[PDB]
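S.K.: Have a look at this one.
Chains as they are written, first to last, in the UniProt record's numbering: chain Z, 194 to 264, 269 to 321; chain V, 706 to 738; chain E, 682 to 1109, 1129 to 1167, 1196 to 1358; chain S, 174 to 286, 348 to 1083.
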């Protein structure tokens, strides 16, 4: 689990200022909450320039990411992070991602939530 | 609004369901040694 | 008052086995002994699961297993496991671990082969704690001194006059440093039910008649000062010093203990215990007793079951659905005790090993108090908490790996996770105030409505398949939801190691929480329980369950967007005792300003902000203005 | 050396003599005391005697713990007589209302027509001024303190009266005022001592003695400056040798002059009673302390004529030369300045609650130190052997100095101290109350264990050490060694803590020094069961993963033998008698840590591995067995006949010790048999290689001695471990069944030589079991030069160790099933198979006649 993952992490980590910082977390597990929370990555893009021809916004970012993995745009971070992470997720998840840059039928971008109005919030 | 996704997380793999049942709650760790 | 509590099992008897199991060398060819509180924590978990009523709930997800449960319930072949079935197992477990001390290489040389006279005083005390526990194993309860307000004493002794009872002020009651005992020191005693009842009626006859001189929290204060004077009239220079009272490990028995007679050793164990422990035990008896004599709403709380289909039968569906709740109640959830900040955290939920062993013995104290006072339903309802105390390990492991959308159990503990953040999550100088955790909010009562409609749909669908839905089922919820008053109210009794929790204005919490819930439940009895058919019973289930999955989905949403730097959440989770006490008076006083209402509009915000209208984002009940002055 | 056993006829005059020393200590009780009814009387002829020169009398030296109770109860009675008779002189000058002659008329406790002042004085302005006047005199004596002097002034007029009533009640009647809480208290507990004042709630009486009579007169907070002053200079051994030279004992070693060391300790008993000149009534009460102290003369708890002579030596050793286990200057340097408040408060509680249990212990050592003197007086001629071997295989470096002569002996240094530890375990049929401290004439032959007595005081320390933390200090007791070593210094030194001051304990400290050090630093049985699991369970070895744990034994044992040195100085080091007797008493406590039951430490099977190799390590001067034997064999023979490289020499000695239940006395016989054989196989045979062995050279193993045989029987066991691990990982439970578990052993009985291509051979075995069996024999029987009747005898004579017993059959499966014992499905599946595999061993089982 996530509890085991931080315990598996504790062998790998090599700084005592980190190991003490990880020790107090693992030691206080039964008394205190521990949750793993991801950071957001924001996909910056020109909306009207990119999403003009694509059918969906879900379809649109796929046609954006395939431009960047094959390739300076400020989404250069994300396609590094994908190839880094899919290197760690060794056999099944690297192949379908490498297959993703070929097949246009594929959508990597998929909705995690049921979408309602408005789609975008336009910042006054 | 929630959309039920396929459970494939680190805590949420099918492998992790069986692994946490493989080790029982050891009396050694609950003693804090 | 002195004869009321007889301390059966001495500390330094039981302290040797749980705190000091490393010092005990095992008998030969046999592994190292684990501490006795862990073995009584871990065999308590394995007892429920081997006991047949616990077997069905741990396998409730398999449909072919649980139909064997429902068929026994309708045919009344079901009972929850009484703790009279537990104590017989406990007598064997303690006599093992006592004999696994007596078959040690070093005790057997001194104790077995030679005559017992004038042996080392532990080795006699390690014997007499068995011989007392064997004779009275059903009455013994076990307790742990977790919270201590210890003074400072200069360590060259002062002549103590015999008549001098030092604990006569509230300045002699107060503690400079506060010492938590997290590794646990467990001892035992016996409650004489009659002689206690002949005491606490006479104290209630003093308070009720002479209200001229007492208020609620003044009389509660001054009984505890008697319970420090009786604690001091047992203290002598022969047993212990000044310093050895404050330090538990410095306690021993009289140096002439081994030479005394069997009738004289047993009176010495009672005297040697209650020099240090007469306050905490006898006040724990008095706190539950004195509050429920005051509040007029206990009779209305126990005739809820007892008229139509009482739980004393213990085979009815009324007795099933209550225990079916409490086993998934998981008394105070292992998820939520990691959630609660340290001021509102119970002292008993801080033991490093042996939580369920203390809890299952703690709540059976509260059962005997209600069995004194003829509240035989609440005498039974405290047992269920003590009987379902085994799943404290289970409530932790549910949220880790068990399937979220699969288990109704998991969706229950995820909503109750958010119920301790209910007025907290609306924050999107902390302008919000901390909500009262001693109060149980609207989500907690709705979450127990889920497990009732989860189980009673699983019961009814097997009744129409195998085999007056209006007036019976109405008397079932009138039973069931007024149990949830009591499981929410008896949290206040768990904070019995300190007096300063109870001194607040909401001392009779049992009345003012009852009226808040009775206003809530009548407003639920009128509307949703107006029309009841079989079709509606399934209809109210998945209408709730989808909302419970909706309410359960909030914690995955809100927690990812949180920031550590809130000016209030640094302040709520403080551990400085001068800050720990400013909050425990605050949530008790500011308890009932909160309401039992759940709003659907809590997270829809107004996008436009008029500066005068900036309050409409906030949406708490009690919103005091907090203004930054520089 | 077991006193009860009547087996040995050479020692029966020696055993009978030792009892009549113990019976003779009744004669010292008879000569002063008379027993009339149930009350003990002084004899009528001894009414006039002062009893101040008891230290000159022999009954003090023969009853040390009793004579020390006496001169507490006399030194208190002298000093409180000086104070209370100081009052009417001082009442005149510093009180105006009541003068001292009025004080004498008020409280003379001779019967006229209790001594409550206020009902008799009946004058309130006098009373509050009199209580003011006494408080002035008590604060007069406590001038040297600020904190105690503060605590005296806070006392009421009523609370100072109870000091004055009880001080006068003591001097008139000789015993205290225990009237409060009286169910607990016996007869001796009333009797005056520094403990029994404190338990009696007379703390003001302690305040007087703390300031003006005894040292460290400052309070506890200033005591950190005190003990740093009582640090002394280090003493050179050439200073030490000037004292030991004048006497030589029976063991032909230097000894302290015993008439000097006795004369050193008696100065503290002389200065108690130097200038006291008794009245008529004073002798009547000095008899009362003499009856209360020497009521408890007993045949069991006496000091005999040897232990008497030694107990004064170590007091003179510790006070002058600083000769405890831990050096006394080391303890005070180990304390931090803030922590001296904690260390004293442990020694207050530890000595209060255990002064009865300690004074039982210090007598109970005195029986066993008497028998250690009996050990040296055993005739050692017939069990000696005249011839000697050039490397000491059987002599122990830390044995007796008598036994350390370089000759082989039939009874080594072990079996004596193994027999002394056997003295506790031979038991009479009927139970005895040895612990009863009253007067008994009977001589109880059962003796309680000196270790299990002293372990129960370890249990009381390690409780009272855990005041300082709420964590239980389970493994971490080794770092809180200072909280014990300061309590030890208060016992064997002068007990400077007057609230818990008792008699000095030497024998209790030299045991509780070693018992605490064994049960904290180097104990292994009570550490957590996963970690160091192998040393807790004596078993054969099949993989040598465990050698990193073996170096913790050498780390622990060399820490122990550094602890057991009485003198820490090694510049000009020289053994003495008193150090030797404690070193032998040091070896006793190590043995009683190990032995359970009448069987010896080396030969028992219940006792762990770790204790068997610890006890063997302490005798060898902190060398391990595996260090001792490898150093011996490599110089005594050329092992490269047997192909054993000198790196792996220590593994083989480890490998063969593991066979015979981890027995050092067994393998020492094996190794020297190997050394005797290694010299003779070298002349008459061509060398072999046991790490790389051919099939054709298997007959070389048949002629090999018992070490190299089983060291090659390991190599089959190691190989079968690495098949059965690799077969499971290959079959991954797809093809893994019971039938593989049979066939792994079926390769294991057949295969006799380590192979390079192991998995290749096993696939050849599954195809043809019988034809592969012929392939082993046809190679050996053809290629060995011996006849095939002879060669078949050499094969059948040798048996590999894993076959002969069920446990040695077992652990090959237990090696794999522990190496794959993570998951519940992984582990209980391996619990499933082993029931089926037990059916295999019945088929193999044969009997050799």
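Quick reminder that beta carbons are idealized off the backbone N, C-alpha and C, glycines included.
Confirm, please, whether the CB-CB distance from residue 279/Z to residue 303/Z is below 9 Å.
M.R.: Contact flag unset, no.
S.K.: Short check: CB of residue 957/E to CB of residue 934/E, under 9 Å?
M.R.: Against a cut-off of 9 Å, the Cβ pair of residue 934/E and residue 957/E comes out as no contact.
S.K.: Residues of chain E with CB under 8 Å from residue 716/V, in chain order?
M.R.: Within 8 Å Cβ-Cβ: 1081 and 1082.
S.K.: So, residue 1092/E versus residue 1280/E, is the Cβ gap smaller than 9 Å?
M.R.: Yes. Within cutoff.
S.K.: DSSP has residue 869/E in a bridge; who is on the other side?
M.R.: The partner list for residue 869/E (beta bridge, DSSP) reads 823/E.
S.K.: Below 8 Å between beta carbons is the criterion; list the residues of the region 819 to 845 of chain S that meet it against any residue of chain E, in chain order.
M.R.: So the list reads 830, 840 and 841, given in the order they occur along the chain.
S.K.: Could you tell me whether the region 500 to 510 of chain S touches the region 223 to 243 of chain S, using the rule of 3 or more Cβ pairs below 8 Å?
M.R.: As far as the Cβ criterion goes, the region 500 to 510 of chain S touches the region 223 to 243 of chain S, which means the pair count is three or higher.
S.K.: Taking only beta carbons into account, state which residues of the region 1049 to 1068 of chain S come closer than 8 Å to chain V, listed in chain order.
M.R.: Per Cβ criterion, the list reads 1056, 1057, 1058, 1059 and 1060.
S.K.: Would the region 1259 to 1278 of chain E and the region 1008 to 1021 of chain E be scored as touching if the rule is three or more Cβ pairs under 8 Å?
M.R.: No, they do not touch.
S.K.: Rounding to the nearest angstrom, what Cα-Cα distance links residue 1064/S and residue 1051/S in this structure?
M.R.: One C-alpha to the other measures close to 6 Å.
S.K.: Taking the alpha-carbon positions, what's the residue 799/S to residue 637/S distance?
M.R.: So the alpha carbons of these two residues sit roughly 19 Å apart.
S.K.: By Cβ distance, which residues of its chain are closer than 7 Å to residue 731/S, with the 5 residues on each side in sequence left out?
M.R.: So the qualifying residues of the chain are 578, 581, 582 and 724.
S.K.: Looking at the C-beta of residue 223/Z, does it have a partner C-beta in chain E at a distance below 9 Å?
M.R.: Yes, residue 223/Z counts as interfacial toward chain E.
S.K.: So which residues of chain E does residue 433/S contact, with C-beta pairs closer than 8 Å?
M.R.: The contacting residues are 918, 919 and 936.
S.K.: I want to verify the contact list: residues of chain S whose CB lies under 7 Å from the CB of residue 843/E, in sequence order.
M.R.: Residues of chain S passing the Cβ test: 414.
S.K.: Starting from residue 215/S and walking both ways along the beta strand (DSSP E), at which residues does that stretch end?
M.R.: Unbroken beta strand (DSSP E) run through residue 215/S: 212 to 215.
S.K.: List the DSSP bridge partners of residue 481/S.
M.R.: BP columns for residue 481/S point to 489/S.
S.K.: Which residue marks the beginning of the beta strand (DSSP E) containing residue 830/E, and which one marks its end?
M.R.: Residue 830/E -> beta strand (DSSP E) spans 828 to 831.
S.K.: Please list the terminal residues of the continuous alpha helix (DSSP H) segment that includes residue 866/S.
M.R.: Here the alpha helix (DSSP H) through residue 866/S covers 859 to 870.
S.K.: For chain V, check one thing: does any of its Cβ atoms lie closer than 9 Å to the Cβ of residue 233/Z?
M.R.: For residue 233/Z, the answer is no, since every Cβ of chain V falls outside 9 Å of its Cβ.
S.K.: Helix, strand or coil for residue 208/S? Go by DSSP, reduced to three states.
M.R.: It is a strand residue.
S.K.: Quick one: measure Cβ to Cβ for residue 660/S and residue 832/S, integer angstroms, because I've assumed they're closer than 8 Å.
M.R.: The pair is a contact, with the Cβ atoms about 7 Å apart (cut-off 8 Å).
S.K.: Could you spell out where the beta strand (DSSP E) holding residue 860/E opens and where it closes?
M.R.: Counting along the chain, the beta strand (DSSP E) containing residue 860/E begins and ends at 858 to 861.
S.K.: So, helix, strand or coil for residue 880/S, using DSSP?
M.R.: Looking at residue 880/S - three-state DSSP - the assignment turns out to be coil, as it is neither helix nor strand.
S.K.: Quick one: what's got a C-beta closer than 7 Å to residue 1277/E's C-beta in the same chain, skipping five residues either side?
M.R.: Closer than 7 Å at the Cβ level, and outside the excluded window around residue 1277/E, lie 1092.
S.K.: Got a sec, what are the start and stop residues for the alpha helix (DSSP H) residue 268/S sits in?
M.R.: Looking at the DSSP string, residue 268/S is not in any alpha helix (DSSP H), and its letter there is neither H nor E.
S.K.: Which residues, in order along the region 1276 to 1296 of chain E, keep a beta-carbon less than 7 Å from a beta-carbon of chain Z?
M.R.: Result list: 1287 and 1288.
S.K.: Quick one: grab the DSSP three-state call for residue 225/Z.
M.R.: The answer is coil: DSSP assigns residue 225/Z none of H, G, I, E or B.
S.K.: Whose Cβ in chain E lies nearer than 7 Å to the Cβ of residue 709/V?
M.R.: Here the neighbours are 1086.
S.K.: What does a CB cutoff of less than 6 Å around residue 944/S pick up in its chain, not counting 5 residues either side in sequence?
M.R.: Same-chain partners within the cutoff: 890, 893 and 1035.
S.K.: Is residue 738/V close to chain Z, meaning its C-beta is less than 9 Å from at least one C-beta of that chain?
M.R.: By this cut-off, residue 738/V is not an interface position.
S.K.: Is there a C-beta anywhere in chain V that falls below 9 Å from the one on residue 762/S?
M.R.: It does: the Cβ of residue 762/S has a partner Cβ on chain V nearer than 9 Å.
S.K.: List the residues that DSSP assigns as beta-bridge partners of residue 1366/E.
M.R.: Look at the range of chain E in this structure, 682 to 1358, and you will see that residue 1366/E is not part of it.
S.K.: Could you tell me whether the Cβ of residue 719/E comes closer than 9 Å to any Cβ of chain V?
M.R.: Residue 719/E counts as touching chain V.
S.K.: Counting only Cβ-Cβ distances shorter than 8 Å, please list the residues of the region 940 to 954 of chain E near chain V, keeping chain order.
M.R.: Hits within the stretch: zero.
S.K.: Using only the alpha-carbon positions, how far apart do residue 664/S and residue 955/S sit?
M.R.: Near 52 Å, if we compare the C-alpha coordinates of residue 955/S and residue 664/S.
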